[PDB]
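Undergrad: Quick one: the structure is below, questions incoming.
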Amino acid sequence: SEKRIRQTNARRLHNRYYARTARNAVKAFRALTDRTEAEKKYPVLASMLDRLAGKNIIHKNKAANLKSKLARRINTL
Amino acid sequence: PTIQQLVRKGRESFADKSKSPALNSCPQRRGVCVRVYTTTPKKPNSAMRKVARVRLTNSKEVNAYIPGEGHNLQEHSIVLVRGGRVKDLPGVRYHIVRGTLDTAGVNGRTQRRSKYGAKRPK
Amino acid sequence: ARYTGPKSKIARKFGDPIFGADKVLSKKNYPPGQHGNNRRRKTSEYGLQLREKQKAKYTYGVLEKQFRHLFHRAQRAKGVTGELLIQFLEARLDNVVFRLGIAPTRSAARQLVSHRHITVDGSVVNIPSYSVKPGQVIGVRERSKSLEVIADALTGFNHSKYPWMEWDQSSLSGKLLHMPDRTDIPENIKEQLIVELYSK
Amino acid sequence: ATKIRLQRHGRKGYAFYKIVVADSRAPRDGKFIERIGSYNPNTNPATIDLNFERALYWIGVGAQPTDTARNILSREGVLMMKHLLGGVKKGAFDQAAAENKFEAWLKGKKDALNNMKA
RNA sequence: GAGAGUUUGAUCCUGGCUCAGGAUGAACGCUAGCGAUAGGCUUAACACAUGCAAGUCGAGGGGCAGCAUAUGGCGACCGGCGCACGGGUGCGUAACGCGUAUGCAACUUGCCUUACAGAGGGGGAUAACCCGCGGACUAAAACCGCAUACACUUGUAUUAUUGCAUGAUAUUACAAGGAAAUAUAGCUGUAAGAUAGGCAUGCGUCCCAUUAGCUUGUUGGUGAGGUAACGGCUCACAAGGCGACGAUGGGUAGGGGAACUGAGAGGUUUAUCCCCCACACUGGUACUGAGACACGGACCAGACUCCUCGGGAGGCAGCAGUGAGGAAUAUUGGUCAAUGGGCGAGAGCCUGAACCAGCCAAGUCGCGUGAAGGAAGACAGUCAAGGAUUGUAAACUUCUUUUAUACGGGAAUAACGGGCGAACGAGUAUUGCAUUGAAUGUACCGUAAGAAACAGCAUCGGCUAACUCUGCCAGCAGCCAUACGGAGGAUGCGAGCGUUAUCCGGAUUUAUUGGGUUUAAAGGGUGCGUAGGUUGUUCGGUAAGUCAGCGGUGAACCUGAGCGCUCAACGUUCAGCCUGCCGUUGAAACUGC
Ligand SMILES: [K+]
Ligand SMILES: [K+]
Ligand SMILES: [K+]
Ligand SMILES: [Mg+2]
Ligand SMILES: [Mg+2]
Ligand SMILES: [Mg+2]
Ligand SMILES: [Mg+2]
Ligand SMILES: [Mg+2]
């Protein structure tokens, strides 16, 4: 019975770390102004979101929504 | 009424009422006799009927008629009460089931034994 | 359950010796009890219908639930209700044995059927209420073809005159041709009274 | 996954099975997607009724049969690769001729003589 | 598709009532043989002790305590999958919850099937082990990078087709970004299929107006965020929205198919069975996961309870005990042999699902308790003779069913291990496998032997006289004796028979089908008038009502025909019902516009 508790707790910490990292990266990217700098840091954050969706921490549709929003912003500066 | 009147209002149906409401749809009930007394019938009938005031388990007071020749019922006796009303007696709409719990069968019976809880003679 | 009571009482109550021929029906033609042969109080039409139903039941050895189910079957079936009811009553296995003459009385036929001395289509059938269909073969079981009672009952029954029954003494068996008509059935039961009693 | 299995539907002491296509999570005698046959194991010839076209379709789309359902399908001849042949055509298996194999095996009948001479 | 009685001195009406009939998850009284097949806490989402109910994989990994000299295997640990199903309950809920019919160009979907591609390199932890709760070491198909996917996601452009507005689809791309597992069967990406969910709609869905106004994210818009997904779902202008076609509030209830009942219309209930929903001591919050109201998970707050002085546990609406409550409902049983389910390459393991057995007048069906002869014994009743009575006693056959013995199926068919056409799937041949189970069935001993009660008997109503006598009886007429009690007889039924409770029909006693209002209950004191209901005649359109055709949709039970249960209940197959809803084509007499 403790095996389920331990596995659930370890997985909860593991998921929380990566989800929080991705959320902070998205929040930091949303505040950028320089178009060249935003275009330079967009690929790494897109990679982070797609890797999260692959690891199943978030949904592929959620990653797609976030990437679409950030690409639209980078288009409009 | 007109069809428009019936469309507007409609018809009403009223559910009937139980002839023995203190049973609460149970076929029988358990009770305790408060007072075991004797009563007089209506005008065209003359006798001394044996009735008991019974407190049912559902906290209801009933008047139950004790049938058969003679009984051993007293106060604080646990009895079984079933439905059935006597015509001449007013307000007595229940019967005591003989041969169950405290009340015993009618002694000396040979016919209609199952109605008075009398065992088959040897 | 079975009636298994005295038979001359029922015979005298109904007048007709429905259980065969007896020496008691003469010099005694009154219903049983101390109140017999004291004239005849007017019995109602309902009483007459009831007495006809009881006559049929005591004749064929059938209790009330089975009789009611037989009436339901006749009502469902196509034809005259009363004629169908009498045909269904006569199509019972014990009645078929009795008409074939293997046993002297209907109760004797029922006892033989119950004790498994009767075969239907080569197989032992021991339900006395079994409904025999035309074209079937009902015969004595091979292990009991030399029973003294069966031999005595068949002695003198060389007639086998029933049109709807074909008897073969070589095989000790018989077959049913068709369902006989009510007029051909030799029973004094007025099925119309039973029909109205059960339908009203 | 989608499955081919039997629902027990007879009575006590006499089992009759309904060959259905059902989701595996469904109750044994409960919800089913489709009914494709019936199975009576009480008769010695082991009576089987089956819808060949529908059974083949469900096998094609990937329903997984239970052990007894797979045996029934094999006996009826659904389990075949004649349609799987990519290098041949009109490959009449004709195995129904051998699968007939009518087992008309009966039992001899004996009788006991009634020597009641008394 | 049929009943009866009852207001009077008598009659015809009106009107209620009481009895007849059918049914039950019933209970109670008397009595009780069997077989088959159903059912079994209806009262509280009451309380307790013990045990079981969900595990499996050593073809994933480090290992090795129980054995052969890590190899058989395997306690524990890491890891994969499952426990969200099966099973239980009906609290809550009047709601797109449920039924029926659709939509998603606003959606998600583990395991299973198919097709196209790919499986290249590397790193760090920490369980167990070891040394003491703390520390040290280490492996993986655990976890995480880098490389490659242009089949996927995102952004832009081009071309073409097209829909129902937002738009959808298909070639062309350039750009960025995203995977994998190995062991003796597998893994990753994408697409399609199948399955399973989600959301939104038309219509239908209980009483109270002694409930008439309700609403401020509330109605719409712009934008943003968020979600699998559209959306006031959330967050930063306008004043709208819902309402006598019943809003709001209050009360009550899980909803359907069944089932029962009636000629039908309809009515009653959802016990067992199936589908959907809700829930798991009471609330709140999430986490894990393809999937969560998390039914044998966690945290917190409550209350209750238990065991211990630092504290720790439980939740009985999973299966069996017990207690309590009640008129009332069973074993702390056997087996995984069959069907289903989980895991495993398979063999296999587990399974209180299930299949069985036990208990219970026990609902239904079937059978027995003997068969054929035998004169008017004894004893009971009535009047010398009726009746019980061919009844008994005698004598002769049978053994269904009990008893004892023996043979004894079917429910079990694939397995696993050998082959054979060949490149993996199948197709054949074999071993072993039955809880029930001395149960079906079969056969032989010798035996009428082991097996009938209950309610009526004055009329309705089928059944009669004696002895007793307020005691009583009672559905009614009523009776203190053709009615009370006993005796003898007779009449119903029959392993049952009566009583009570509940529901339905006759009952047209809510009357659309199908009732009434001078005097039996019932015309408002009379008008005007709002909503609503109804609308002279004729011509021409329309097609809402109406009519017709075509198509889709709608387990079990119930209806003709079979088949199997020795018959029957029952089981099963097939023909006849679909007589509602939805979509799409026509017609124009009538109603509507
Ligand atoms: K999972
Ligand atoms: K099993
Ligand atoms: K008009
Ligand atoms: Mg990568
Ligand atoms: Mg999750
Ligand atoms: Mg019976
Ligand atoms: Mg008046
Ligand atoms: Mg007036």
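Every chain in the structure tokens takes a letter, A first, then B, and so on in the order presented; its residues are numbered from 1, and the ligands are numbered from 1 following the presented order.
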All residues within 9 Å of ligand 7 are required, counting only C-alpha atoms (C1' of nucleotides) and all ligand atoms; please report them as a list in words.
TA: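 For ligand 7, the residues inside 9 Å are residues 517, 519, 520, 521 and 522 of chain E.
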Undergrad: Select from stretch 2-147 of chain C everything DSSP, run on the backbone, classes as alpha helix (DSSP H), then give the selection as a ChimeraX atom specification.
TA: /C:8-14,45-60,64-76,81-90,93-100,106-114
Undergrad: Applying 12 Å and only C-alpha atoms (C1' of nucleotides), which residues near residue A:35 remain after dropping the ones on its own chain fewer than 3 positions away? List them as a ChimeraX atom specification.
TA: /A:29-32,38-42,71,73-77
Undergrad: Once you have the residues from the selection above, write them out as a PDB file, in the first residue's frame, restricted to N, CA, C and O atoms.
TA:
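Output file part.pdb is given in full below:
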ATOM      1  N   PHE A  29       8.999  34.585 -21.559  1.00  0.00           N
ATOM      2  CA  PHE A  29       8.974  34.885 -22.986  1.00  0.00           C
ATOM      3  C   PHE A  29       7.857  35.853 -23.340  1.00  0.00           C
ATOM      4  O   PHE A  29       8.005  36.650 -24.272  1.00  0.00           O
ATOM      5  N   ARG A  30       6.733  35.793 -22.626  1.00  0.00           N
ATOM      6  CA  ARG A  30       5.602  36.654 -22.954  1.00  0.00           C
ATOM      7  C   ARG A  30       5.904  38.133 -22.748  1.00  0.00           C
ATOM      8  O   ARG A  30       5.207  38.976 -23.319  1.00  0.00           O
ATOM      9  N   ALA A  31       6.916  38.467 -21.950  1.00  0.00           N
ATOM     10  CA  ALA A  31       7.220  39.852 -21.618  1.00  0.00           C
ATOM     11  C   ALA A  31       8.316  40.458 -22.484  1.00  0.00           C
ATOM     12  O   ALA A  31       8.687  41.615 -22.264  1.00  0.00           O
ATOM     13  N   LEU A  32       8.840  39.722 -23.457  1.00  0.00           N
ATOM     14  CA  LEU A  32       9.941  40.218 -24.266  1.00  0.00           C
ATOM     15  C   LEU A  32       9.459  41.261 -25.266  1.00  0.00           C
ATOM     16  O   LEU A  32       8.295  41.277 -25.672  1.00  0.00           O
ATOM     17  N   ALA A  38      13.552  37.778 -29.151  1.00  0.00           N
ATOM     18  CA  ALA A  38      12.428  36.855 -29.042  1.00  0.00           C
ATOM     19  C   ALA A  38      12.545  35.728 -30.056  1.00  0.00           C
ATOM     20  O   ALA A  38      12.276  34.567 -29.734  1.00  0.00           O
ATOM     21  N   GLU A  39      12.940  36.047 -31.289  1.00  0.00           N
ATOM     22  CA  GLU A  39      13.133  35.005 -32.291  1.00  0.00           C
ATOM     23  C   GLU A  39      14.309  34.106 -31.944  1.00  0.00           C
ATOM     24  O   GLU A  39      14.356  32.954 -32.388  1.00  0.00           O
ATOM     25  N   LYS A  40      15.275  34.611 -31.178  1.00  0.00           N
ATOM     26  CA  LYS A  40      16.392  33.766 -30.781  1.00  0.00           C
ATOM     27  C   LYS A  40      16.024  32.818 -29.643  1.00  0.00           C
ATOM     28  O   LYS A  40      16.529  31.692 -29.604  1.00  0.00           O
ATOM     29  N   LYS A  41      15.159  33.235 -28.715  1.00  0.00           N
ATOM     30  CA  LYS A  41      14.760  32.355 -27.617  1.00  0.00           C
ATOM     31  C   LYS A  41      13.462  31.599 -27.867  1.00  0.00           C
ATOM     32  O   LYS A  41      13.051  30.817 -27.006  1.00  0.00           O
ATOM     33  N   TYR A  42      12.788  31.826 -28.994  1.00  0.00           N
ATOM     34  CA  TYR A  42      11.588  31.040 -29.282  1.00  0.00           C
ATOM     35  C   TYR A  42      11.873  29.559 -29.510  1.00  0.00           C
ATOM     36  O   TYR A  42      11.120  28.725 -28.974  1.00  0.00           O
ATOM     37  N   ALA A  71       3.927  32.257 -31.271  1.00  0.00           N
ATOM     38  CA  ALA A  71       4.309  32.598 -32.636  1.00  0.00           C
ATOM     39  C   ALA A  71       3.522  33.800 -33.147  1.00  0.00           C
ATOM     40  O   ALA A  71       4.076  34.662 -33.839  1.00  0.00           O
ATOM     41  N   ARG A  73       2.365  36.262 -31.291  1.00  0.00           N
ATOM     42  CA  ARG A  73       2.955  37.431 -30.646  1.00  0.00           C
ATOM     43  C   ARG A  73       4.276  37.818 -31.299  1.00  0.00           C
ATOM     44  O   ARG A  73       4.542  39.005 -31.532  1.00  0.00           O
ATOM     45  N   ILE A  74       5.115  36.829 -31.609  1.00  0.00           N
ATOM     46  CA  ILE A  74       6.402  37.138 -32.220  1.00  0.00           C
ATOM     47  C   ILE A  74       6.199  37.749 -33.600  1.00  0.00           C
ATOM     48  O   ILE A  74       7.000  38.581 -34.039  1.00  0.00           O
ATOM     49  N   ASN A  75       5.131  37.359 -34.301  1.00  0.00           N
ATOM     50  CA  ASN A  75       4.799  38.012 -35.561  1.00  0.00           C
ATOM     51  C   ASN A  75       4.420  39.466 -35.326  1.00  0.00           C
ATOM     52  O   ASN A  75       4.925  40.370 -36.002  1.00  0.00           O
ATOM     53  N   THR A  76       3.535  39.712 -34.366  1.00  0.00           N
ATOM     54  CA  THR A  76       3.174  41.089 -34.028  1.00  0.00           C
ATOM     55  C   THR A  76       4.059  41.636 -32.911  1.00  0.00           C
ATOM     56  O   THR A  76       3.584  42.220 -31.938  1.00  0.00           O
ATOM     57  N   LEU A  77       5.364  41.426 -33.062  1.00  0.00           N
ATOM     58  CA  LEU A  77       6.410  42.102 -32.284  1.00  0.00           C
ATOM     59  C   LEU A  77       6.423  41.725 -30.804  1.00  0.00           C
ATOM     60  O   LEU A  77       7.315  41.010 -30.348  1.00  0.00           O
TER      61      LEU A  77
END
Undergrad: Residues up to 8 Å from ligand 5, counting only C-alpha atoms (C1' of nucleotides) and all ligand atoms: could you list those as a VMD selection string?
TA: (chain A and resid 57) or (chain E and resid 288 to 289)
Undergrad: Let me have all residues with an atom within 10 Å of ligand 8, counting only C-alpha atoms (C1' of nucleotides) and all ligand atoms, laid out as a ChimeraX atom specification.
TA: /E:523-526
Undergrad: Fewer than 2 positions away in the same chain doesn't count, so skip those; otherwise give me all residues within 10 Å of stretch 56-71 of chain C, counting only C-alpha atoms (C1' of nucleotides), as a PyMOL selection string.
TA: (chain C and resi 1-4+7+10-11+17-20+50-54+73-77+81-82+84-86+88-90+92+94-95+106-107+110+128-129+187-191+194-195+198-199) or (chain E and resi 493-494)
Undergrad: List all protein, DNA and RNA residues that have at least one atom no more than 12 Å from any atom of ligand 4, counting only C-alpha atoms (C1' of nucleotides) and all ligand atoms, and write them as an MDAnalysis selection string.
TA: (chainID A and resid 44 47:48 50:52 54:55) or (chainID E and resid 120 144:149 177:180)
Undergrad: Can you work out which one of C:148, C:177, C:185, C:193 has the shortest atom-to-atom distance to chain D, counting only C-alpha atoms?
TA: C:148
